[PDB]
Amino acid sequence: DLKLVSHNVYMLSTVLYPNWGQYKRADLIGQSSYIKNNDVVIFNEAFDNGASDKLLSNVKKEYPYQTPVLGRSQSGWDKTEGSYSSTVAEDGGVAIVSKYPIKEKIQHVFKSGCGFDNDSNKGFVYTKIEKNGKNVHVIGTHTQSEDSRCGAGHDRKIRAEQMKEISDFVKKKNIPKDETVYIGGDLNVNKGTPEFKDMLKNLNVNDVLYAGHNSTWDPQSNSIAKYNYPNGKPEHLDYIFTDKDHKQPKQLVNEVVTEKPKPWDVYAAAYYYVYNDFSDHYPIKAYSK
């Protein structure tokens, strides 16, 4: 059964945010333990082209088979679906890297979304991976956040529909029901809320077993999240699931990793700042125990 990591890496554009330690965190992630010994790895918010390609190099040796970053352009992909626009500044932020060859790779930009908050190519990335003769499927995505700017309740509704976009793709792609379909990423639905049950339905997946930390976005123990929202509530937002109509792994587990790198710092205007996290999200590992 596969071993995967999923990680929202907070690699914002160095043009709009020149001092968030983008390049250095790309090196720190490359050197972390959690990033090692997995089959597949999903990234989100690898927005800054330069820092994203560095992070991809840093893992090219253990994970040679890679997809481009969602929404950057139309080349390098077997197909391109949904509302792909080539005018938009920021791209999708999603990419996948695999220890085993990628037989097919497809990008899809969500058709459901918000008109004002942000011109983005958010969506999902599909990959068909060959392992031990057998075929295995992995989708990485990053849905509408609560940091909305859109109406009250609209983000939840947007997500609902963005997820329906994924399951329908799975459905009509017609994948051998004896082949496992992993769907993971920053899903932006908090655990233990009524929306959580909706997510299971809309994505078409069963819940999994949990290990390690009880949140993935934590202003209470994560130095970066603490700076952005010092009074924000800890939430569990990153998940890796499987399609409930395809092969189930033995006993799928999500482990929230809280590994911290050696502290890194930076100078902004007159001030000096220290941090010791890879991102404002914690990475999650997934495996069949």
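Start at 1 with the first residue shown and count on from there.
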property	result
Entry-level comparison of average CA B-factors, 105 to 113 and 81 to 89, reporting the higher stretch	81 to 89
Stretch exceeding the other in mean C-alpha B-factor - 182 to 190, 166 to 174	166 to 174
Third assignment of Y267 from its chain's C-alpha B-factors	highest
Chain third (lowest, middle, highest) by recorded CA B-factor, residue given as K134	highest
Assigned third (lowest, middle, highest) for the C-alpha B factor of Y210	lowest
Among modelled residues of the same chain, the CA temperature factor third for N121	highest
CA B-factor ranking of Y100, expressed as a third of its chain	highest
